[PDB]
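A.B. asks:
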Amino acid sequence: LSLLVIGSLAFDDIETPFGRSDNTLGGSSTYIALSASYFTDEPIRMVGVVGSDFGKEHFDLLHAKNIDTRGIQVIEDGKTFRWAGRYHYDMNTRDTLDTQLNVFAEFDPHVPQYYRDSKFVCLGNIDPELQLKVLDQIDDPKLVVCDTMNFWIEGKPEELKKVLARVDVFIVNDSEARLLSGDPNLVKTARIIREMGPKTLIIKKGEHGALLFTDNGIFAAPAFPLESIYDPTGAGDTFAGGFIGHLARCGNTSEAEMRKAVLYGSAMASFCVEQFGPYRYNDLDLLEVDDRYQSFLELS
Amino acid sequence: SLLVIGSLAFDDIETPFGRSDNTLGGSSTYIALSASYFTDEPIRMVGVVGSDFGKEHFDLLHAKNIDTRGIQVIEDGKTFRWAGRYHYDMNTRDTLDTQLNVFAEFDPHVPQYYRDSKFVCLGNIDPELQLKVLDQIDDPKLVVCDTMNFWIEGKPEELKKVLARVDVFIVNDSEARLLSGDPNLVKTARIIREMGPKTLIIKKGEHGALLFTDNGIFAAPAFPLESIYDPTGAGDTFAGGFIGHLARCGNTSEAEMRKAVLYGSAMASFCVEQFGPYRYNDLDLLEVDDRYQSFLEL
Ligand SMILES: Nc1ncnc2c1ncn2[C@@H]1O[C@H](COP(=O)(O)O)[C@@H](O)[C@H]1O
Ligand SMILES: Nc1ncnc2c1ncn2[C@@H]1O[C@H](COP(=O)(O)O)[C@@H](O)[C@H]1O
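Protein sequence lines correspond, in order, to chains A and B.
One gets this note's numbering by counting positions in the first sequence from 1 and adding 80 to each.
One gets this note's numbering by counting positions in the second sequence from 1 and adding 1385 to each.
As structure tokens, this is what we get:
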């Protein structure tokens, strides 16, 4: 039930109408790994790259969740990926103010030999060409999950479609989905997107619920009524982490398991949004996670 | 991942303030219900009940995701029965009656699909039965066990056979002294550990617990103001919280065991609030987490 996580590792300058957090630890793989760690018994594997500015306090955070960082390269004198985002009163949508690929621009995604036998692969948000280069290095994956971002949907359409043709599960939010389909109807959008390759598609409408589209039909995961949203950053990636984490834990990829997996993902995302950055995970415990899952189950 | 054995029964419980007859009980029941609060996969149960063990009881276990395929049902038999009486100290008790019934000639059979269990809890029951079950587990990572004066006095030799093969042994202070023959709990711990158990936990009713290992003694203070109405099942719900937490995290280090002791104490403190295991009908995970935090701080 080994799990390998790929994605960005970065520092974010986050702004909402109520407050801000600069130089915040972030990146899609950070959120995915921290969330998934609540499901695996063995160390989560990470492949990525950071600069010399990536302090050891950040490495200690990951190691505290028993995350294996041997696959993370540190570029001497290089700079860590940076991102700036701004939210508004709807506390869901956001503007990307700045994006500096930095070390990820010239990244050579080498997956160490001891990671090539990974069974569950999560191709987190990052350049589709890198996502593909990593996938090509995994010998026999049981399940490939992937998510992207408007940046790549608009910047590298063709490359993205190449990766979409080789993934089992594609996770997107409703904005990205409509951008990819060119039609506002989510049902038609799902069809258009699934025809690009992904057998399973999950459309997460912010913290307003998630839709699971498979050959067996549609599953609507309810929203948590009074969720306290303070910072949406990382929500979609923590969702992906709980989703693949659950599947990696039970090792079964059936329909029923994917539905429960969506519920776990929603539960993890509901905790993520409670504070700036990934810090709600500092003290979040299993009893709390189990309790939140039950709420979502009951609502579904 | 977690397999539980022990008694399944109906208890006639009496205290100076009230009584509860034909109450669902048994060590297996208390351990399993408590442990379910910690595991995310069905707890496995091996045991036996009579034709008088109604659907309502199986439904209660099933409501907590407990797998009961390992429980046998004797169509012309009666479920294990016990009668106990508590006093004003609301801790010690007299066993007024014990009817092994179906557990008398019970040949424990662990179905094939339980054989790979990693965490095994040999709950209070005839030591001969506890051994027979353990002998059927392929390669367990941790074996926990508790007993009772009934067995300590009745089958000491058979019990000692079980103890030579368990990782963690859980007893209350009365059982501990009875086993050691000396009132000093520190000396008692050394004598009991010499019987085999590398880890010993002496739970003093609801007055705190002591964890003895090669690294020393850990004291889990008591919750000074807990509402005790029925102590029945306390020690077993303690064992359940203990092995349940470990089963879920998969780690059996000293550090996790001290935390597991705190979780067990939390579960026990809720169990005593009502007759039988019924406080668990409405108990939710956040209440448990809060109770745990209090024990942690103490
Ligand atoms: N182009 C990009 N590629 C990879 N990660 C990004 C990009 N832009 C922003 N991010 C990161 O993605 C995170 C938020 O993801 P999320 O809210 O789950 O969509 C932030 O912590 C950023 O570091
Ligand atoms: N000899 C025995 N073997 C197994 N279980 C017993 C025995 N005597 C009483 N019990 C059960 O153990 C429970 C209480 O355990 P406890 O207070 O945790 O020691 C009751 O619900 C009884 O059904």
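Cβ atoms here follow ideal geometry from the backbone N, Cα and C, with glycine treated the same way.
At 8 Å on the CB atoms, spell out the chain A contacts of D1452 (chain B), in chain order.
C.D. replies: Translated into positions along the second sequence, residue 1452 (chain B) becomes position 67. Correct list: empty, because the minimum Cβ distance to chain A is about 15 Å.
A.B. asks: Three or more C-beta pairs under 8 Å: does that hold for the region 315-322 of chain A against the region 195-207 of chain A?
C.D. replies: Two segments are said to touch when three or more pairs of C-beta atoms, one from each, lie closer than 8 Å; by this definition the region 315-322 of chain A touches the region 195-207 of chain A.
A.B. asks: Which chain A residues are close to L1527 (chain B), counting only those with a beta carbon under 8 Å from its beta carbon?
C.D. replies: Counting from one through the second sequence, the residue named residue 1527 (chain B) turns up at place 142. Simply none; closest approach about 14 Å.
A.B. asks: Given the structure, does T1400 (chain B) come close to ligand 2, in the sense that its CB is under 7 Å from one of the ligand's heavy atoms?
C.D. replies: For the purposes of this step, residue 1400 (chain B) is taken as the residue at position 15 of the second sequence. Checking every heavy atom of ligand 2 against the Cβ of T1400 (chain B), none is found closer than 7 Å.
A.B. asks: How would you write the range of the beta strand (DSSP E) that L1507 (chain B) sits in, first residue to last?
C.D. replies: The residue you call residue 1507 (chain B) lines up with position 122 of the second sequence. Residues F1504 to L1507.
A.B. asks: By how many angstroms is the C-alpha of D121 (chain A) removed from the C-alpha of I1390 (chain B)?
C.D. replies: To locate residue 1390 (chain B), count along the second sequence from 1; it is residue 5. To locate residue 121 (chain A), count along the first sequence from 1; it is residue 41. Rounded to whole angstroms, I1390 (chain B) and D121 (chain A) show a C-alpha spacing of 25 Å.
A.B. asks: Closer than 8 Å by beta-carbon distance: list the chain A residues that pair up with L1670 (chain B), in chain order.
C.D. replies: Position 285 of the second sequence, counted from the start, is the residue given in the question as residue 1670 (chain B). Near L1670 (chain B) (Cβ distances below 8 Å), the residues of chain A are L367, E368, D370, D371 and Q374.
A.B. asks: Is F1535 (chain B) near ligand 2, in the sense that its beta carbon is under 7 Å from a heavy atom of that ligand?
C.D. replies: As a first step, residue 1535 (chain B) must be located in the second sequence, where it is residue number 150. Flag set: Cβ of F1535 (chain B) near ligand 2.
A.B. asks: Give me the Cα-Cα distance between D170 (chain A) and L266 (chain A), rounded to the nearest whole angstrom.
C.D. replies: In the first sequence, the residue the question calls residue 170 (chain A) occupies position 90. In the first sequence, the residue the question calls residue 266 (chain A) occupies position 186. Near 20 Å, if we compare the C-alpha coordinates of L266 (chain A) and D170 (chain A).
A.B. asks: Pick out the complete beta strand (DSSP E) segments inside the region 161-239 of chain A, 3 residues or longer, and give them in chain order.
C.D. replies: 161-167, 174-180, 200-203 and 223-227
A.B. asks: Between which two residues does the beta strand (DSSP E) holding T294 (chain A) run?
C.D. replies: Along the first sequence, one-based indexing puts residue 294 (chain A) at 214. Element bounds for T294 (chain A): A290 to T294.
A.B. asks: Is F1680 (chain B) helix, strand or coil when you go by DSSP?
C.D. replies: Numbered from its first residue, the second sequence carries residue 1680 (chain B) at position 295. Three-state result, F1680 (chain B): helix.
A.B. asks: Give the residues of chain B in contact with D121 (chain A), contact being defined as C-beta atoms less than 7 Å apart.
C.D. replies: The residue you call residue 121 (chain A) lines up with position 41 of the first sequence. Chain B residues near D121 (chain A): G1635.
A.B. asks: Measure the C-alpha to C-alpha separation of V1657 (chain B) and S117 (chain A) and round it to an integer number of angstroms.
C.D. replies: In the second sequence, counting from the first residue as 1, residue 1657 (chain B) sits at position 272. In the first sequence, counting from the first residue as 1, residue 117 (chain A) sits at position 37. If you take the alpha carbons of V1657 (chain B) and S117 (chain A), they lie about 35 Å apart.
A.B. asks: On the DSSP letters alone, give me the boundaries of the alpha helix (DSSP H) that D1567 (chain B) sits inside.
C.D. replies: One-based indexing of the second sequence puts residue 1567 (chain B) at position 182. It is not in any alpha helix (DSSP H) - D1567 (chain B) carries neither H nor E in the DSSP assignment.
A.B. asks: Determine which residues share a DSSP beta bridge with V243 (chain A) and list them.
C.D. replies: Reading the first sequence from its first residue, position 163 is the one you call residue 243 (chain A). DSSP, once it has assigned bridges, lists no residue as partnering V243 (chain A).
A.B. asks: What are the uninterrupted segments assigned as beta strand (DSSP E) that are 3 or more residues long and contained completely in the region 1398-1467 of chain B, given in chain order?
C.D. replies: 1404-1410, 1429-1435 and 1452-1459
A.B. asks: Hey, could you find the ends of the alpha helix (DSSP H) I1628 (chain B) is sitting in?
C.D. replies: Here the question's residue 1628 (chain B) lines up with position 243 in the second sequence. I1628 (chain B) -> alpha helix (DSSP H) spans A1619 to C1634.
A.B. asks: What three-state label does DSSP hand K284 (chain A) in the structure shown?
C.D. replies: Taking the first sequence and counting its residues from 1, one reaches residue 284 (chain A) at position 204. Of the three classes helix, strand and coil, the one that applies to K284 (chain A) here is strand, per DSSP.
A.B. asks: Going by the beta-carbon positions, is the gap between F1608 (chain B) and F1680 (chain B) smaller than 8 Å?
C.D. replies: To locate residue 1608 (chain B), count along the second sequence from 1; it is residue 223. To locate residue 1680 (chain B), count along the second sequence from 1; it is residue 295. Contact flag set, yes.
A.B. asks: For the beta strand (DSSP E) containing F356 (chain A), list its first residue and its last residue.
C.D. replies: On the first sequence, residue 356 (chain A) is found 276 positions in, with the first residue counted as 1. Careful: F356 (chain A) lies outside any beta strand (DSSP E) and carries neither H nor E.
A.B. asks: Using beta-carbon positions only, say whether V1556 (chain B) and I1587 (chain B) come within less than 8 Å of one another.
C.D. replies: On the second sequence, residue 1556 (chain B) is found 171 positions in, with the first residue counted as 1. On the second sequence, residue 1587 (chain B) is found 202 positions in, with the first residue counted as 1. Yes, the Cβ-Cβ distance between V1556 (chain B) and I1587 (chain B) is below 8 Å.
A.B. asks: Using DSSP bridges, identify the partner residues of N1557 (chain B).
C.D. replies: By 1-based counting over the second sequence, the position of residue 1557 (chain B) is 172. Answer by DSSP bridge pairing, in chain order: B:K1588.
A.B. asks: Is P312 (chain A) near ligand 1 - that is, is its Cβ less than 7 Å away from at least one heavy atom of it?
C.D. replies: Against the first sequence, residue 312 (chain A) aligns to sequence position 232. It does: the Cβ of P312 (chain A) is within 7 Å (strictly closer) of some heavy atom of ligand 1.
A.B. asks: Given 7 Å as the limit, tell me if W1467 (chain B) has its C-beta closer than that to any heavy atom belonging to ligand 1.
C.D. replies: Along the second sequence, read from residue 1 onward, the residue named residue 1467 (chain B) stands at position 82. No, the Cβ of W1467 (chain B) stays beyond 7 Å of every heavy atom of ligand 1.
A.B. asks: Quick one: does the C-beta of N1509 (chain B) sit closer than 7 Å to a heavy atom of ligand 2?
C.D. replies: Counting from one through the second sequence, the residue named residue 1509 (chain B) turns up at place 124. Correct: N1509 (chain B) has its Cβ closer than 7 Å to ligand 2.
A.B. asks: For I1602 (chain B), count neighbouring C-beta atoms within 10 Å of its own C-beta (all shown protein chains included) and say buried if the count is 16 or more, exposed if not.
C.D. replies: Looking up residue 1602 (chain B) in the second sequence gives position 217. That one is exposed.
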